[PDB]
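Below is one structure, written out as structure tokens, with a few remarks after it.
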Protein chains: 2
Amino acid sequence: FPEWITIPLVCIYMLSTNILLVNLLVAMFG
Amino acid sequence: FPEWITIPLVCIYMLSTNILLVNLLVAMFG
């Protein structure tokens, strides 16, 4: 349970979720 | 560290970030 290696995981998870969400929205409008 | 001259800096920073973000979104949809 190392935090110094946990923080990048949450960072990348949030980045991936945000990029997927924006891609979904833009594709839907198109 | 004068606050009376600090507040305009944060105000302009927020304004610039918001305008850039909206421009990005609109350009992406276009």
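By convention in this document, the chains of the structure tokens carry letters A, B, ... by their order, each chain's residues are numbered from 1, and ligands are numbered from 1 in the order they are shown.
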Fill in: Residue list for chain B near chain A as an NGL selection string, 10 Å, only C-alpha atoms
:B and (25 or 28-30)
Those same residues, written as an mmCIF file, in the first residue's frame with C-alpha atoms?
data_model
loop_
_atom_site.group_PDB
_atom_site.id
_atom_site.type_symbol
_atom_site.label_atom_id
_atom_site.label_comp_id
_atom_site.auth_asym_id
_atom_site.auth_seq_id
_atom_site.Cartn_x
_atom_site.Cartn_y
_atom_site.Cartn_z
ATOM 1 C CA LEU B 25 -13.987 23.630 -26.204
ATOM 2 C CA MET B 28 -12.865 21.243 -30.635
ATOM 3 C CA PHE B 29 -16.588 21.047 -31.421
ATOM 4 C CA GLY B 30 -16.049 23.006 -34.624
#
